[PDB]
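Below is one structure, written out as structure tokens; the observations come after it.
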Amino acid sequence: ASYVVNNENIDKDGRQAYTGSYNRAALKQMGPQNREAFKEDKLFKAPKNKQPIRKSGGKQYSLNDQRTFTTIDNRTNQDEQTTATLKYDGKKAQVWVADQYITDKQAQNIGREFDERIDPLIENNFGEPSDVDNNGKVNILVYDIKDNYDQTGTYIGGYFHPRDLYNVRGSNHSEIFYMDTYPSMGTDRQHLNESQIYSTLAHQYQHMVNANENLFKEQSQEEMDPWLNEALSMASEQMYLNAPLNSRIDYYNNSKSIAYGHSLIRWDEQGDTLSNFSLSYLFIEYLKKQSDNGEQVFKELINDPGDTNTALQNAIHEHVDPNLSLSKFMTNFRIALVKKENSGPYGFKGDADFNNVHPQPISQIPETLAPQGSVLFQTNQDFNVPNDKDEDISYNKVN
Ligand SMILES: [Ca+2]
Ligand SMILES: [Ca+2]
Ligand SMILES: [Ca+2]
Ligand SMILES: [Zn+2]
């Protein structure tokens, strides 16, 4: 038969748990196509020093003014300093340009797409931004984000840092997110296509209003865990595109780290982050199909005042199943990826968007599995679940 093994511990900081002494009664058991399958971004953590910004009502900058911003070199993880020009001063977005290759037209396309589609989309379905500089607008700094693309082929499409909302070192004292030019817009610096990154505007803007709702509007001031913050950003991309994120599915299908038990809830900052993006994306889409209010569950997760696991558990009880615990919903997620049943917990309600999700069976179980790390294997015998496995490990017969 086949088995889905999962560490059911819902604590992302928990131990990697022993899977047991099992019997090799297992069967012995290409290439991510799109370059966009290797597109990352960075969501940085809010500072513990939440010194507020004080101002005394924000008609400082206008078209063609220059402004030097702190940006982040993701090769070395240092602050850098970048001087940009305001090239679009719109209804909500101010688009700053600091890449000589970007034309004024492209800045105007980006700002207009934000003003007309990105902003309403996010405000109505996720949340609304802060206004720490009392200027009614948000900054979009368009420039060549520094990363290891030239050496790896993995590139950073954009980022958001909640430090910009407080008075700390490196803050730009405003609502701002950062958008990459090369190679996000294309691999030819002289023929960049800015429409390539429009869904990334929704991605980064979700991070921004997420930080506002949870750090400014709610009294607990608890950040959402990265894995679910990132999942909600990719829910917003699909909603903007009204199409599945096929590159994240493509990456899922070819990821050896996922096949060997990559964690849904522990963000592998120094390792294969792309596998975290793929798992976070499929999870939020699984929650969408399993919720009776569909995409409307997204704003309830943000609006919930409790921590990340409490919000998910409340959403499951109200919209999915009042008796179902978060930890078993997560196991059902992994089985749903395999079975894709047309109804019930082991599928995506037959949504065609997810029919090309194909988990990869492996020949041997890893010794240990991180919290919500999962693997799939097949058996040539009536294999027996090991008796010395960690109690957090569930073996789930499927076929
Ligand atoms: Ca503002
Ligand atoms: Ca770049
Ligand atoms: Ca909340
Ligand atoms: Zn992100």
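Quick note: numbers below take in every heavy atom, side chains included, and nothing from hydrogens, waters or symmetry partners. Numbering of residues begins at 1 and proceeds along the displayed sequence. Just so you know, ligand 1 is whichever comes first in the structure, and atom 1 is the first atom listed for that ligand.
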Using the rule given for ring-ring contact (aromatic ring centres under 6.0 Å, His included), can you reason through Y166 versus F216, listing the C-alpha separation, both sets of side-chain angles and the distance that settles it, and then say yes or no? CA-CA 11 Å; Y166 305 100; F216 285 73; 5.5 Å; yes
Could you check, using the six-membered ring where one of them is a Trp, whether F38 and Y251 have ring centers closer than 6.0 angstrom? yes
Using only N, O or S atoms, tell me which atom of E230 is closest to the Zn ion (ligand 4). OE1
The atom of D133 among N, O or S that is nearest the Ca ion (ligand 1) is OD1
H161 and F44 aromatic ring geometry - parallel, tilted or perpendicular at 30°/60° bounds: parallel
If you leave out waters, which protein N, O or S atoms are less than 3.0 Å from the Ca ion (ligand 3)? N214 OD1, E218 OE1, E218 OE2, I302 O, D304 O
Name of the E175 N, O or S atom nearest the Ca ion (ligand 1)? OE1
Closer than 4.0 angstrom, basic N to acidic O: yes or no for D115 and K92? no
Measure the spacing between CH2 of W267 and CG of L228 and express it to the nearest 0.5 Å. 10.0 Å
Restricting to N, O or S atoms, which atom of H207 is closest to the Zn ion (ligand 4)? NE2
Would you give the angle at the Zn ion (ligand 4) between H203 atom NE2 and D41 atom OD2, to the nearest 10°? 90°
With respect to the Ca ion (ligand 1), please indicate if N135 possesses an N, O or S atom at a distance under 3.0 Å. yes
Cation over ring, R266 on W227, under 6.0 Å and within 45°? no
Atom of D131 closest to the Ca ion (ligand 1), considering N, O or S atoms: OD1
Indicate yes or no for a side-chain donor-acceptor contact from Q106 to the backbone of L192 under 3.5 Å, with no hydrogens or angles considered. yes
Near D388 CG, under 6.0 Å, is it more than 12 heavy atoms from other residues, nucleotides or ligands? yes
How about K137: does one of its N, O or S atoms come closer than 3.0 Å to the Ca ion (ligand 1)? yes
Is the positively charged end of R248 above the ring of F277, judged by distance under 6.0 angstrom from the centroid and angle within 45° of the axis? yes
Partner residues of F329 under the side-chain contact (heavy atoms from CB on, under 4.5 Å) criterion, sequence neighbours left out: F283, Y286, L287, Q290, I316, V320, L324
